[PDB]
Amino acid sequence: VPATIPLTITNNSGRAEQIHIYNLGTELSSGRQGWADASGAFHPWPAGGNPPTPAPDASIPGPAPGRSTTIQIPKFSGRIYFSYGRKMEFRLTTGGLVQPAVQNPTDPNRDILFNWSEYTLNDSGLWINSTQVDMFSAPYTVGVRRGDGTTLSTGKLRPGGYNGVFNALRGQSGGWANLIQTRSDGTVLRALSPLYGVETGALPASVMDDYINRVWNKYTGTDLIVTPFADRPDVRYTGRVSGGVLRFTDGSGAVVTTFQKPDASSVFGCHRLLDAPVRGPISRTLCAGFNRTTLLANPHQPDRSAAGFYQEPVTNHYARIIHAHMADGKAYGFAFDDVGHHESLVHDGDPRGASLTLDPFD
C-alpha cells in the first residue's frame, strides 16, 4: 500500500454553501494526533490543555456543487469531516483532539450542519465507513476502488430516505421525536442516536425494561447459546439466568463472564453493563441481540439473517428506521451493527483510491 491514496470528494448535495473538509486523526508511523492537508502532509496538533484549548484551523476547501476535489489520504486512522457554510470548532485536551459532542446544547458545533466518515489506511489496506452511531445528519456515501479496479460503496440512502428517516422518528411515540434537533425556521439539523437520547432525557433509562425482563425470564428456564466467532462456529458459550444474573459457561464448564440486567444506555451505547472489552465477543453478540430485539425469539445467537430484526413494538427504532431507508439495507445504527455483517463499511487490502460523496437532502 502506497504512502497515500487519492480520496475523491464529490458535492452532489444540491446545496449552495461552501464545504469545509477536515482530515483529523492519528498518523500511523509516529502515533501522533493531528491533521492532514490536501497533499496528504501530516501536521501534528499543538499541545492542548485542561481545560481544552482551541485547535488551529485544519480545514481544506471542499468541492463546489456538481464538482469533485481530490485529497491525498496518508496512512492514518481518523475521520473525514465535512461542514456546510460554517467552519467547525475543534479543541485540544491534554491527550489530543476532543470530538464534538452535539448532544450538548453548549457544544460549539451544535448549530453547524456537518458529518463525518471514519477510516483507517494502513499497511493492510483501507477500511472506510458511513456511521450513524452518534447522529443522523448530512447524508453521504463512501467507497473504495479496489486493487482489481472494482468499486465498493455504501452509506447511500434511498430516494426520499433523508426526510423519511426524520418523519419516521417524529412519529415514533415514547420520546424518539425529542431526538430531533430542529432549526428555528423548522429545518431539521440532525437526529441524535438513542444513546444520546437517554443522556439528554429524550428517552428514559427504563425504555427497554419490559423486553429485558422477558429475556431474563426466558433464559432462567432455557439456555442462551452464543457462538460469537464467525470463523469458529464450534466455539460456544451457554448462558443461563440464576440469582438475577445471566452467567455464561464455556465448553470446559467454567463460568467465564456474567451480565447484570442492562438498562437503556447500556443497550443503546453497547457499554456500561454491556461493556465489551472472552467477555468482549459475547457482549458484542448480546448487544446486537438487544438492539435488534432478537434474543427472545432466537436462543442461538447471533442471528443468521436480518429477517427477524426490529419486530418488537419497543426496539431500537432509530436503527430500524435507518436500515429501512438505506439503499443496501446496511447501516451503523448502533456500535455493534457489524454483528452479522450488517454495517455500512467497505474495505480492500490493496486500495489505490477512495471516495466520499456528499449526498442530496432527499
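For every residue, the number given is its place in the sequence shown, counted from 1.
- Count the deposited residues lacking coordinates between residue 277 and residue 278 and you get 1 to 3 of them.
- On average the C-alpha atoms of 223 to 231 have higher B-factors than those of the other stretch, with 128 to 136 and 223 to 231 being the two compared.
- In this entry, the higher average B-factor at the C-alpha atoms falls on 176 to 184, of the pair 176 to 184 and 110 to 118.
- Residue-level inspection of the entry shows that, of 74, 143, 85, 159, 159 has the top Cα B-factor.
- Listed residues 286, 98, 152, 246 were ranked by CA B-factor as deposited; 98 comes out on top.
- When the modelled residues of the chain are ordered by C-alpha B-factor, residue 91 sits in the highest third.
- When the CA B factors of the chain's modelled residues are split into thirds, the value for residue 20 lands in the lowest one.
- Per the PDB record, residue ranking by Cα B-factor puts residue 236 in the highest third of the chain.
- Split the chain's modelled residues into thirds by C-alpha temperature factor. Residue 69 is in the middle one.
- When all modelled residues of the chain are sorted by CA temperature factor, residue 260 is found within the highest third.
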